[PDB]
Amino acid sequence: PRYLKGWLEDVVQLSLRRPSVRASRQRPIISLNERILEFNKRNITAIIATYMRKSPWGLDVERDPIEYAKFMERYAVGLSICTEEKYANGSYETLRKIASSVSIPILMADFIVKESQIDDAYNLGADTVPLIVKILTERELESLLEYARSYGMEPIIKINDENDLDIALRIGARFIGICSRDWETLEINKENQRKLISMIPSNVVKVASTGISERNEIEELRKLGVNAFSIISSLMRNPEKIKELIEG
């Protein structure tokens, strides 16, 4: 991985040591980026709902992952499930159980740093993984993009700045996540996020990560060409906020 300090240093070292699983995939791959494009055509607001016990940008919530998942299956364009252990208290088993219970696309939200983690995602029933430009060398990044693709997965490439973006385009990303949050300094910059978005080809499927609380925020970003929205904390706390976000 890249030259890292902070908690990112430690979580990348943790991820390197993640034991791989032996499990058989049940479901077929349900493409997340494709369902986004389907939601755009149908003119339904495409919201990616996240399940995450713990974060550094909010408070821990303990809730039933199955009741959450089944509720979101009615509204969300896809489901992100944090599987990172130390800082999110997430789990491979929770992923497997949610995947087995719902028929919407599933993102395995983790720090993907090695091939076997993509093996894990696949074997547990996830449809895609994120790849984080900040964290991986351009070489690692290209390699894991191809490796995921060999399974029929299209990873979402997560960018934060002009350099991340350029590199994402350079490796040929078709599915980009634009984060407003700097992860080391934790600071949200929406002006930066909008600039990044304006600089991405119209045919890349673009996901804006949540400085997103309002419908008219969604709408402004829809106008700017954003395809889907990732909204983590507020849906973990108040799952019903999602319907008010898809509808008036």
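Residues carry their position along the shown sequence, with the first being 1.
Of the two segments, 64-72 and 215-223, the one listed with the higher mean B-factor is 215-223 (C-alpha atoms only). Stretch comparison (180-188 versus 25-33) by mean CA B-factor in the PDB entry places 180-188 on top. Across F175, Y122, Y87, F111, the entry's maximum B-factor at the CA atom is seen for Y87. Remark: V11 belongs to the highest third of its chain, ranked by C-alpha B-factor as recorded. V207: CA B factor lies in the lowest third for its chain, per the PDB record. When the modelled residues of the chain are ordered by C-alpha B-factor, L59 sits in the highest third.
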